[PDB]
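Undergrad: requesting a structural model of the entry that follows:
(4 chains, ligands or ions: 8)
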4 protein chains.
Amino acid sequence: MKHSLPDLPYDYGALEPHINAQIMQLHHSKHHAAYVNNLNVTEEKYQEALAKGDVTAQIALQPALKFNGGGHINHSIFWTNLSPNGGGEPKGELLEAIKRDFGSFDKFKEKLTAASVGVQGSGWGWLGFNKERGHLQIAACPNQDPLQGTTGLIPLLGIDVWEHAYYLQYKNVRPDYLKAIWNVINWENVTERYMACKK
Amino acid sequence: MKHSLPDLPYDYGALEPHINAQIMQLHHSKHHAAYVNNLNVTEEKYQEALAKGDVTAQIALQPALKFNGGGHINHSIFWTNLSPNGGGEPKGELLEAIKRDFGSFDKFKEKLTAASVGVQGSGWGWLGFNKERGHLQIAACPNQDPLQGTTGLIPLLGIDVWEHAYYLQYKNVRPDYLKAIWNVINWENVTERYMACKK
Amino acid sequence: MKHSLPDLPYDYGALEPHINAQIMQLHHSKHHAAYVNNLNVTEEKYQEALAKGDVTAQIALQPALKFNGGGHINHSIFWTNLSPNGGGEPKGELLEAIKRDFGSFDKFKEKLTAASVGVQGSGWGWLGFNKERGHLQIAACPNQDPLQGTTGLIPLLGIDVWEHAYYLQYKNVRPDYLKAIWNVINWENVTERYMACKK
Amino acid sequence: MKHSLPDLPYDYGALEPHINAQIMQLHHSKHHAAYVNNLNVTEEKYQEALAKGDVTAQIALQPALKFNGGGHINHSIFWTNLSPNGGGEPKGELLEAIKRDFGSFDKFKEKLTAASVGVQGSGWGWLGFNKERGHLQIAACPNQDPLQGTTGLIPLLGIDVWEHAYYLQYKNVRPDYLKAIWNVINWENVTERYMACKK
Ligand SMILES: [K+]
Ligand SMILES: [K+]
Ligand SMILES: [K+]
Ligand SMILES: [K+]
Ligand SMILES: [Mn+2]
Ligand SMILES: [Mn+2]
Ligand SMILES: [Mn+2]
Ligand SMILES: [Mn+2]
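TA: Residues are numbered from 1 along each chain as shown, chains lettered A, B, ... in the order given. Ligands and ions are numbered 1, 2, ... in the order given. Next comes the structure:
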């Protein structure tokens, strides 16, 4: 089997004025596309190296596998985490978990914003679920290091803070992007991911 | 003493069409400015922590010091490494060193381009001088990790491959930026840095 | 200030048979002593670099500062975390927190053992307190990276899993060391550290 | 394929008094054996993950693959780099390369000793061959990160500076171990590895 670029679940201009059409089109059709293709190339090289017992070759392929693999994992989640129907607050058990674990929805937003603003260089802020503790948890990841593969936490909501995710529109002012993105968070999707972790 | 933002040695539009005016203005007046200011803040916090023997506080400040400090170091070099009078090939002893160490000027360009294109996420490609071996050396650095502070190599020529260095103009196509930047390399400056390493 | 090697709170053979006297003597009088001495040297170099605005020099000193500084921080806590009168289970609010956060004392032991066994290369397992969440948390740290300086978690109980902490007695069998050390945990000290986090 | 633990090319006590028999026996029959066994387990898990397109699982397996795989790579080279008939200086083209690249054999020894002493935590010092530059190069690697897999340099001579490589005999005094090991370097093997890089 081969990994493929998932279609975007909405039109490229559906998240304006929060994230512009040019960004969405580049981000999906150029950036994610590249990760998917380079992941498939890397996986094939890895299969050859594994079959030959070439451990040196396997290890040389790790950065490309984590980078492109992580890129595919993260952006596949990210597109579903956004929606033109998004924004506002979550409801039901996710909201209850947020209040219990972070005090309030606004305190939660502050913590995820702070983690996302705090990434030095390229990376991601995440709300995840800690299976072992049975509660929510915030973490930041560098580059395309994916949340579950590197920490064990199950991803619920990711915020891409690579410059490509915002620069054309917001330039250097990452906090303006982080303010805007709250308006398009697909809480339906984040709730679905959360409910799949429980039971 | 306090670190300060060096003036750009040319006008913001001096490197068009290779690097556009909007990029130069943002990169110098917003990005580098931020690094300089946050470096001075970090250094003052470090001086307090040192005076108190607060080792925990010193260690907590390391990421900000490397990031903002490195940002200041790297961009201060980068502005002088470019010029509207740049491009072409170097001459004299630098050219002789390039031919001796890399075979030819074009082979050297291939290696520095490859290191620069190869940065996954944010970072820099460098031509440096290895004092101990007495020859040239190429290295890549992540984020704002500066060359001399992290490797001991003396920086001669740096290529910023953070998305902010090219994205407004070249979008995702980093190789187009790397082709363009060869036209504005200030070989006079790179030669001056090289000659200061010898003797 | 000049950092100093804290006196051990018991004699070198007080933790026998669980950690032998030769290990305790080497670990305190050679390993920790070296961290203290090299920390003082590094801090003086940093003071000179700061006074000169030498950011390159500050950054070059970071590995020595984190390693020796972290070494001092970690081992100063570690000695107080152990006692000849230790072992068994904690009581009062710490025990209540352990049961609440990890299910039971035995489940907690399993998780901290697993984190400590899981360190590949040199490092530490920690029980810490997350100030922001107001609960207990287990984390692992590489090398001498200290818990609070690198994660913000307040250290309560640390387990050194550098080979020097066990190798003379247990050789490669780190799990035997981790089983043994439970017999000398100073729960009085861990409780004091925990109570200082609350209120 | 199933990786296997290579036989040692001499008996466990053949490198006495420089590295004692207990160390060699533990290092080969326990440490390297564990890397081989855990590598085979990890490779099988990776084959399942690859067949399923489970990229998360592939990425979660990277630390075990690099650690155990790197451990296998590094120690397989290390055993052949030592010999009871070793020590003294190399001859022929390797000696000429050492003199050309480092000034002299004694200056080379100083640099490889310094790189090996300089490892903070667990790792290796290496003399390698840079294929691209066509000359010798010294590098250090953390943990079990292997030289060729992580840097592209071809390994010629490795020095293990994990505490398990010396602690039973030399305790904390790593420099005494590094002085001793020069007496058992198998220059015949290092020459064979060097000659395979050329032509
Ligand atoms: K629209
Ligand atoms: K907007
Ligand atoms: K112009
Ligand atoms: K152009
Ligand atoms: Mn992205
Ligand atoms: Mn920049
Ligand atoms: Mn220790
Ligand atoms: Mn070893």
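Undergrad: only C-alpha atoms for contact and neighbour calcs from this point on.
TA: Fine.
Undergrad: what does chain A put close to chain D?
TA: Taking C-alpha under 8 Å from any C-alpha of the partner chain as the contact definition, chain A meets chain D at A:1-3, A:43, A:47, A:50-53, A:55-60, A:62, A:65-66, A:69-70, A:73, A:146, A:148-150.
Undergrad: one more pass at 6 Å, please.
TA: A:53, A:55, A:56, A:59, A:60, A:149, A:150 (C-alpha under 6 Å from any C-alpha of the partner chain).
Undergrad: for the residues you listed, which one is nearest residue A:161?
TA: Distance ranking of those against residue A:161, using C-alpha to C-alpha, places residue A:150 first at 17.9 Å.
Undergrad: sec struct for that closest one, please.
TA: Using DSSP: H, G, I helix; E, B strand; the rest coil, the secondary structure recorded for residue A:150 is helix.
Undergrad: and for residue A:128?
TA: Strictly by three-state DSSP, residue A:128 counts as strand.
Undergrad: let me know how buried it is, in neighbour terms.
TA: For residue A:128, the tally of surrounding residues (other C-alpha atoms under 10 Å in any protein chain shown) stands at 24.
Undergrad: the residue nearest to residue A:187 when sequence neighbours are not counted: neighbour count?
TA: Nearest non-adjacent residue to residue A:187, counting by C-alpha to C-alpha, 6 or more residues apart in numbering or on different chains: residue A:90, 5.3 Å away. As a burial measure, residue A:90 scores 19 neighbours (other C-alpha under 10 Å).
Undergrad: kindly report the domain assignment for chain A.
TA: Domain assignment of chain A by curated CATH domains yields the ranges A:20-83, A:84-199.
Undergrad: indicate which one of these is closest to ligand 4.
TA: The closest approach between ligand 4 and any of those, judged by C-alpha to the ion, belongs to domain A:84-199 at 17.4 Å.
Undergrad: what ranges do the helices span in chain A?
TA: A:21-26, A:33-52, A:55-60, A:62-81, A:92-102, A:105-117, A:147-151, A:167-170, A:174-181, A:187-197 (DSSP state H).
Undergrad: export the ones you listed as JSON lines, with columns for distance to residue A:131 and mean neighbour count.
TA: Rendered in JSON lines, the data for those read as follows (distance: least, C-alpha to C-alpha, whole Å; neighbours: other C-alpha atoms under 10 Å in any protein chain shown):
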{"stretch": "helix A:21-26", "distance to residue A:131": "32", "mean neighbour count": "17"}
{"stretch": "helix A:33-52", "distance to residue A:131": "28", "mean neighbour count": "18"}
{"stretch": "helix A:55-60", "distance to residue A:131": "29", "mean neighbour count": "21"}
{"stretch": "helix A:62-81", "distance to residue A:131": "19", "mean neighbour count": "22"}
{"stretch": "helix A:92-102", "distance to residue A:131": "14", "mean neighbour count": "16"}
{"stretch": "helix A:105-117", "distance to residue A:131": "19", "mean neighbour count": "17"}
{"stretch": "helix A:147-151", "distance to residue A:131": "11", "mean neighbour count": "20"}
{"stretch": "helix A:167-170", "distance to residue A:131": "35", "mean neighbour count": "19"}
{"stretch": "helix A:174-181", "distance to residue A:131": "27", "mean neighbour count": "17"}
{"stretch": "helix A:187-197", "distance to residue A:131": "7", "mean neighbour count": "18"}
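Undergrad: what is the burial count for residue A:13?
TA: Other residues near residue A:13 come to 16 when the count uses other C-alpha under 10 Å.
Undergrad: could the domains of chain A go into TSV alongside distance to residue C:197?
TA: Putting the domains of chain A into TSV (distance: least, C-alpha to C-alpha, whole Å) gives the following:
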stretch	distance to residue C:197
domain A:20-83	36
domain A:84-199	18
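Undergrad: quick one: closest of the ones you listed to residue D:12.
TA: The stretch from these with the least distance to residue D:12 (C-alpha to C-alpha) is domain A:20-83; that distance is 26.4 Å.
Undergrad: gap between the two ends of the closest one?
TA: Counting by C-alpha to C-alpha, to the nearest Å, the length from the leading to the trailing residue of domain A:20-83 is 13 Å.
Undergrad: what residue of chain A is the furthest out?
TA: When distances to the mean C-alpha position of chain A are computed (C-alpha atoms, centre = their mean), the maximum falls on residue A:52, with 34.1 Å.
Undergrad: from ligand 1, how far out is that one?
TA: Relative to ligand 1, residue A:52 is positioned 52 Å away (criterion: C-alpha to the ion, to the nearest Å).
Undergrad: kindly report the same for residue A:184.
TA: Residue A:184 is 13 Å from ligand 1, where distance means C-alpha to the ion.
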